[PDB]
Amino acid sequence: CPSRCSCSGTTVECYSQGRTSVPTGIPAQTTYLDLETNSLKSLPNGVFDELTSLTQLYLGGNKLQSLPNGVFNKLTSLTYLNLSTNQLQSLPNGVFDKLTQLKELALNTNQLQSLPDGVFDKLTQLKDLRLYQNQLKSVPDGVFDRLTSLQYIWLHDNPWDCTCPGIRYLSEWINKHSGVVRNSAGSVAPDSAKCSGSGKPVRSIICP
């Protein structure tokens, strides 16, 4: 198993070790890989391609600025993916398209300025989606429409542009899924997504 990491069964933990690259020697049978709280700034294309048994991948708390196209394409068994607390500005189109079994996706505390159209369309089993603390002024129309299993979503601390008609989709979606929105405290809070300048709840904006 990778030097300095801790391994048991098919679990590999290498968190908080100032790593700047994915360690070599991760067993192909690994199902749980924790590389959190390190210093990964980038990732080579195909870096995870051999780890096809992964179900849980933790990359939160790193310095990721971007992701290479297709970086998760071989990890079709993933059910949990943590990309929170990084420096992501954008995501490649269809980056999550092959992760059809995904249940949890954390993208909070990044620098996201936009989301690709249809980025979550294939994640029909997704139950938890975290997008709080980003730089999103808007989301693509219909971006959450196929998330039939969604039980929890976090949208707070984004500079939402509440100008009409652009805000219509998000305001209407929150209004129709009021019990799905969660605040930092972890409670149901449909008014936690707030408008950039007025500070008013996004769902309070009723476009003419």
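Everything below is about the structure printed above this text.
## Regarding the state of the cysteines
One pass over the structure, following the stated rule, counts 4 disulfides. The residue that forms a disulfide with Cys-1 is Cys-7, at a sulfur-sulfur distance of 2.0 Å. A torsion of -90 degrees about the S-S bond marks the disulfide between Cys-1 and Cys-7 as left-handed. Residue classification places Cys-1 among the exposed residues on the basis of a relative accessible area of 59%. Of the residues examined, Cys-7 reaches a relative accessible area of 33% and is grouped as partly exposed. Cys-162 shares a disulfide with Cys-195; S-S distance 2.0 Å. Given an S-S torsion of about -85 degrees, the disulfide between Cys-162 and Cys-195 has left-handed geometry. Remark: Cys-195 occurs in the segment after α1 (168–176) and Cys-162 occurs in the loop between β8 (152–154) and α1; sequence separation between them is 33 residues. Using a relative accessible area of 16% as the deciding quantity, one classes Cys-162 as buried. Counting only the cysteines that form disulfides, in the order they appear in the protein, gives the pairing 1-3, 2-4, 5-7, 6-8.

## Examining unusual backbone geometry
In this structure, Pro-165 follows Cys-164 across a cis peptide bond, with omega equal to 0 degrees. Structurally, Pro-165 can be placed in the loop between β8 and α1.

## Focus: the sheet that holds strand β7 (residues 128–130)
What the 8 strands build is an open sheet, ordered β1-β2-β3-β4-β5-β6-β7-β8; its pairing is mixed. The open sheet has two free edges, formed respectively by β1 (6–8) and β8, since each of these has just one partner strand. Going from strand to strand, the sheet's axes swing by 5 degrees on average, the running direction of each strand aside.

Each value, and the rule that gives it
- Residues numbered from 1 in each chain as written, not as in the entry; some residues may be left out.
- Heavy atoms only, no water.
- Disulfide = S-S within 2.5 Å.
- Buried < 20%, exposed > 50% of the residue type's maximum accessible area, 1.4 Å probe, protein only.
- Helix = DSSP H or I, 4+ residues; strand = E, 2+ residues; numbered from the N terminus.
- Pairing = 2+ DSSP bridges.
- Axes fitted to C-alpha atoms, helices over the stretch in contact; angles between N-to-C directions.

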